[PDB]
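The figures that follow rest on heavy atoms only: side chains count, while hydrogens, waters and symmetry mates do not. In listed order, ligands and their atoms are each counted from 1. Just so it is clear: chains get the letters A, B, ... in the order the sequence lines come, proteins before strands, and each one is counted from 1.
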Amino acid sequence: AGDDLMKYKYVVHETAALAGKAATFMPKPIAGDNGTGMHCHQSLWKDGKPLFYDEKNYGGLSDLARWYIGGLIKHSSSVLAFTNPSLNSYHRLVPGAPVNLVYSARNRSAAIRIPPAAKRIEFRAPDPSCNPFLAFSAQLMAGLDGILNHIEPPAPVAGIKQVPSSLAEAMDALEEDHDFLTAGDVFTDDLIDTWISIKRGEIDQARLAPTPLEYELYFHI
Amino acid sequence: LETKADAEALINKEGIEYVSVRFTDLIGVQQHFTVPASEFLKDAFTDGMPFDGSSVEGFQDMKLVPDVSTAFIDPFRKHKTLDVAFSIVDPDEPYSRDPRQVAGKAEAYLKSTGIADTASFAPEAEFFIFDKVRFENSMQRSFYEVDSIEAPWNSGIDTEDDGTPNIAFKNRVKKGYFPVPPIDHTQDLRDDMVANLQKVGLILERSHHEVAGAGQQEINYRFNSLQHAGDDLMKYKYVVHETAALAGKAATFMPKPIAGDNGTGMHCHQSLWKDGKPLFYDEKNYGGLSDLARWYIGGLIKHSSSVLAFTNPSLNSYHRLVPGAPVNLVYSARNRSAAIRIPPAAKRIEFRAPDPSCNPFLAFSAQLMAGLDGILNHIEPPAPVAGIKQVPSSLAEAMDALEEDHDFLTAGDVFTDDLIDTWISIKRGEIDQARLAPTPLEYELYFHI
Amino acid sequence: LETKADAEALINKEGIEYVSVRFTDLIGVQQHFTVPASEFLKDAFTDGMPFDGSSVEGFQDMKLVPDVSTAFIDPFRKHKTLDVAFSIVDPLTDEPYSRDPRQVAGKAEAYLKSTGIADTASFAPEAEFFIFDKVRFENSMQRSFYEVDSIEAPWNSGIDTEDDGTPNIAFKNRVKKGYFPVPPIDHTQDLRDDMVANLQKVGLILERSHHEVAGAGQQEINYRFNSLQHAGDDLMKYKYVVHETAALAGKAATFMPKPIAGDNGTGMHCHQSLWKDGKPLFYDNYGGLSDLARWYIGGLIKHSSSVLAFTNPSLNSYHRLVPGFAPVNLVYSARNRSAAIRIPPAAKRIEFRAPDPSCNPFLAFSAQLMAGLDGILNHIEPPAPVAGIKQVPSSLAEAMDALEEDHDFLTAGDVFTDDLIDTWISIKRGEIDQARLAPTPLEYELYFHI
Amino acid sequence: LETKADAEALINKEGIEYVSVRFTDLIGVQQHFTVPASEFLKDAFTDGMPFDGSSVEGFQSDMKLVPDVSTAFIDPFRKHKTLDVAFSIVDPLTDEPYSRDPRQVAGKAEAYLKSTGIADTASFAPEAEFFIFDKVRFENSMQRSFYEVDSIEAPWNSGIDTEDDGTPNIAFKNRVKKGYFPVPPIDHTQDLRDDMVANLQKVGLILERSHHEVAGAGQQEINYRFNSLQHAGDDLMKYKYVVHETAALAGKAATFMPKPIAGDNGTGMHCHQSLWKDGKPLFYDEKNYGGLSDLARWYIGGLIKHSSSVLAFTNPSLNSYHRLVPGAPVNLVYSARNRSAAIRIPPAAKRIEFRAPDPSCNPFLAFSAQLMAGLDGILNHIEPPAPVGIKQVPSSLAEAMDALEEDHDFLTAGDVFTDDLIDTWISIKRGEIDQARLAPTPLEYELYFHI
Ligand SMILES: [Mg+2]
Ligand SMILES: [Mg+2]
Ligand SMILES: [Mg+2]
């Protein structure tokens, strides 16, 4: 699926370029209009058979599926370090766009929506400015830790867990909560430390850069 | 000037036609309306001047009370005009969100504690002189562009704005401090500002070109008591802006207009006085500082994050306050990275953190209240010179600390809860605007991905 | 000035070469013709000045009678000129012309004294206005547009160079934040002071001048109050000074209630108070108001839609009179900023915030007085101070519908003639018909792709 | 087409690569998303096509689309071979008709007509005029507000020196109100009009007439054969799509605005109307005024009585009341000769021509409202006024919405027009009036700037 998206990105970019145009997967190129999100539909299969479906539940979700959500919510800010790894990512995730870490079937403000072999979990939080291999893996490892620890997610709906307010906050969360990633040596301390280092480098660049907004706000003062 | 009759005498003598009833809003921008000179003399000293503050940013009827001591003749107006500063009161009681009133009540709380009677502040407000400034934030595009004839990026230009060929002698990066003309192109304009500042009452000391080659300047004048020091800086800003504006240029107090060169800081010199005697002096300590001076530092260090919420209140402030600028909260004498610096009566404390994009009344008061809190509670500062306390990393973090620590400001009702709650609410809104706006840097980093 | 001898004395003391015989039309525009100074002294006081009122909008040979006290030296005219306001009368009878708005204001003052309620109706308008650097508009078959511009405008923060070719030095205004920072943020300070000086020169006693909320060059100048008719004369002189000072400065000044969208419009708050034998009558009670002042408000609320037909007579007026955050609630208060009538002893007055300065001051001030008087005489209690709050009209036609239905409080004492009311409605309905024909740029945005 | 096998056979033969899943929103603009043809033959007939109408104007979780294959046609504009198919909106669980689906309302209107027994079919024939411009631009900002149209036929270009292509002016341009209907070269858009006519024939329309209309700035009209109410709505949506695309791919712009320009003729959409039962006409009766039966006469009375509420759907734009001006079917009366009448009467050809509507409306909602009003008159024997104190059209959109708000029981009959739809429609149109309430006009600058 990571190979497909990279192939998907390559075609979109090239087809636009050869047409004399430019295609981008920026989560928020312009202000005042809708951003660009990459909803992720995920599910677990075994012996060619689905696992998330169960007639005895809210959205028709097996305990294996509900725990997957619970792990996704508990490790939310850590997962978003890979699903929303850009400074620009947090101009789309503005509470003005999913920002409430809670799951529901009807509500749209939920980061996790639930639409037998079609029963799946939809993570609306991510955006396509991410590495698909890293983004899809982090979501899987988050769910598995929820299943292995029977993590019960909050009740399907003023005290909802929120997405980080910045790229800096997400990296602090990833730095203090990544044991669920290092399980089975899937993610290594080498990669994690490198990922944080690179992203904190991009934060430092933003720390040095004056913005046109600040000119509008503070120049006359 | 001091009396109603003193003002009336000056009006007849200089033929003053109008009076600019001006004051400072919460943000730090001077607001005014103009009335005939006879109308000023008739009402301002009696029932004062009424105004609707419904549109003034950071307030929401109110009454304006004159302070003739701050009066000066406007050197920019076509018609002869007298500029007078007013304090806001209830139509009587001192207004909660008037910054100048905070400075006044701060001077009173100082005396009430018996610690001192006078707190002398001396700002070092730097600034930039640009030949052109333009910016925009729309859906399709967002930009800012400055320009200067001194700028190093213009070294290879063919023709200047006036049609005359390039005759070079433009500044280099971080090398504008401080060669003589023709390298310095803004010496004569700086002198115009210096002259106008002397004309409007200020006692000046020094003026020069600053580090940044893109036309950064600095003018220094003599210190004064807290409230008057705030008045002097507002007068300093108004004259600097106007003089450049009438010269076809733009002057700004942005802490960081351009990237890759020095930002703009406003070093604040601090000193407490009593009975006409210095209180920071003691030849038996580290930096010749008294125990009181040492405790003043400690209180400023402990509440630093809450203090910098007023001294560095803009989003742009944290593009100057970057490690690699005084970002370390510790005091010394020789060190040049320390936030607090120590250079009998001349013995004073230099806080190098603040920038001139702040409200001077609030900025100077916040520093005093922090110091006095350190004096009253004997707060010992860390030793002079890896656990060195840093400045806040963002504007949001600064507002977080102000919310959790503001009791030292509300002492003696100097800072009101209504003001601090308003100040936070305003700044959070600016942060929310940044949360919405995409940046050119993000295009450079993320577009191709 | 009071008489012919006083006029001749001034003509000599100032060397006046010509006399501008001016008068206000029914709409609210000042009309005039210029005569030599000697010709003015020779005929104006004896047989008056005749003119052909066939081509004056809303009128159709009548006689003009001077009010020397309205005279003032023109500070704009190349040749030394004295401007004098005149009154229109029937030559063979000297009877006041039915459609003369200045006469309506004069007949309102006379009716006021007949009631015994008061002898003086003071009015003080807070007329705001915009100063633009460029104004252009057209209404053809192929196109229909308007385009305003200002050096202070927020939409020019990103331009490279200005009108004079000089680089952008910023300090331009932001939306709804032009009230009222000091220069250089205020680029129209020296021009406003030029206006203030001219207003003082022509005889107005000024109080205040400042930049307004709208960043695109909106200002406001306040001056001392006056009796109804004279306050109408002063406001006409006010608008002329503002128009000419801006024009000769190479700019355009407008009293349009809403020239631009997204930012604040232009209003004209009217401060009202009744006086008798030199004593204030509104002072007493809640808000420091008297029974006479409260009944004045009640009559102002009851005939509101009819009064607004004169105080807000533009199609442009109802783009400011919008519930979109504006005085649209017919209720009086002292603290509420939503009340169309506000209450801020000799200063205890009524502030009507609804009107805009695109109206006829003579007709506007009269309509407010006649409404108040009707409330006083009939003991009309206003709604309680502060869901069922009375609203301003949602259209110009609705205002004309109300005026066509409720106008008897105006015809009392023959202040407003039926001839004037019908003619006023006819002109306004004619303007409504013009809008009924015209497509708008908004409609292209909404309906073209369909 | 008729069945699933028909479409599948066509896709193979014509090599159809994609399928445009289309529907009409509440306002009247066709919405769509494109899927592979194979994907369309796998899910549409069984599970249907799911979508989220949260972003669609006037719809608000996910809803369900069910195809009406008889509406299918091959797109003559797409680079890739595409089959355009219209869909109906139902609940993804109950398969029940979505209330805010205009096409479904038209389908529910044909069902109520049968339940009465008066007829089994209502036939509608629109006379939709339109404008063709070479350039159209508009903007509504704080600093300025404008619109500008241009045409090579335009009378305001008679004195122009150089055309858009660089060639000199060779005249033969129209004069004001005199484009009906000179032969070329005076008619500059004959070949483009014929291209539109050809494409309309290609997509399955049975065309009757094509010509240049009154307004000299590129006004045209293309007539096609009548049809049943719902399918007549389908044909018009396809009609407007072909017109829009043919002009667009010709470097031009086509609009159905009732009054794009002032000073010249407006654009209208006359709606011919007739009721049929068992193949027999019902509006014909030899021994009456306009050959009208009691059914036809009562139908008119229903139209007249609920005229203002009907015009809330037939003339639902602010721009509509710049055409509906007493300068135009304003008088709600019917005549067999008088053109000033809002209703005109021109044996199986006897029909009712409503001249009020304009093509800026939703055809599904427009045709349905006229029938329900007409059906209301029949069920109550509502007699219209004497053929020739005359009822006028609303003077504004607000008056129409005010009238629809008080008089709409005839629409709610048989669950055709739900209360949710009517409330939403009113709420949407009052939002547009609010926009007009906020926007200054160029006319006001002419009238009030100098004051
Ligand atoms: Mg320096
Ligand atoms: Mg005002
Ligand atoms: Mg036609």
Side-chain angles (χ1 to χ4, degrees), chain B residues 33 50-56 122-128 174 176-178 205-212 216-220 253 255 262-269 320 325-326 341 350 352 354-356, chain C residues 124-130 176 178-180 207-214 218-222 255 257 264-271 320 326-327 351 355-357, chain D residues 125-131 177 179-181 208-215 219-223 256 258 265-272 323 328-329 353 355 357-359:
Chain B
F33 58 88
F51 91 105
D52 181 32
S54 301
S55 177
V56 186
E124 290 183 339
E126 303 171 335
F127 61 96
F128 271 88
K174 313 174 195 302
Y177 182 92
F178 45 19
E205 303 174 346
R206 183 185 305 232
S207 68
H208 58 76
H209 197 293
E210 259 296 327
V211 181
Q216 196 181 30
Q217 326 285 332
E218 180 178 349
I219 304 180
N220 303 135
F253 293 92
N262 279 29
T264 292
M266 188 191 65
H267 300 174
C268 296
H269 296 272
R320 167 181 172 267
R341 216 169 181 272
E350 186 188 30
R352 292 151 44 91
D355 61 84
Chain C
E126 294 181 318
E128 297 173 346
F129 59 94
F130 276 87
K176 269 188 285 293
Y179 179 95
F180 41 27
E207 307 165 336
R208 185 185 308 222
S209 68
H210 56 80
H211 195 284
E212 260 298 328
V213 180
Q218 191 187 30
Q219 293 84 8
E220 173 184 343
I221 303 180
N222 308 128
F255 292 91
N264 280 26
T266 286
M268 189 190 66
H269 305 161
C270 299
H271 296 267
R320 170 180 168 269
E351 181 177 353
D356 61 83
Chain D
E127 291 182 344
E129 305 169 352
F130 61 95
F131 267 91
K177 260 179 294 299
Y180 182 95
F181 34 37
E208 304 174 353
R209 183 182 301 206
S210 183
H211 63 84
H212 196 292
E213 260 293 333
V214 177
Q219 193 185 38
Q220 291 89 1
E221 178 179 348
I222 298 181
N223 298 17
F256 292 94
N265 221 272
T267 286
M269 191 189 69
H270 298 175
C271 295
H272 292 270
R323 167 181 167 267
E353 182 185 14
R355 305 179 62 258
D358 55 80

Donor-acceptor side-chain pairing of C:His211 and C:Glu220 below 3.5 angstrom | no
Just checking, any donor-acceptor pair under 3.5 angstrom between side chains of C:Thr266 and C:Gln218?
-> yes
[X], N/O/S atom nearest the Mg ion (ligand 3):
| X | result |
| --- | --- |
| D:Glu129 | OE2 |
| D:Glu221 | OE1 |
| D:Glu213 | OE2 |

Take B:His269 and B:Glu124 through the test side-chain hydrogen bond (donor to acceptor under 3.5 Å, both in side chains) and record every step on the way to the result.
-> CA-CA 8 Å; B:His269 296 272; B:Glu124 290 183 339; 3.1 Å; yes
C:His210 to B:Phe33 - nearest heavy-atom pair and separation | CB-CB, 3.6 Å
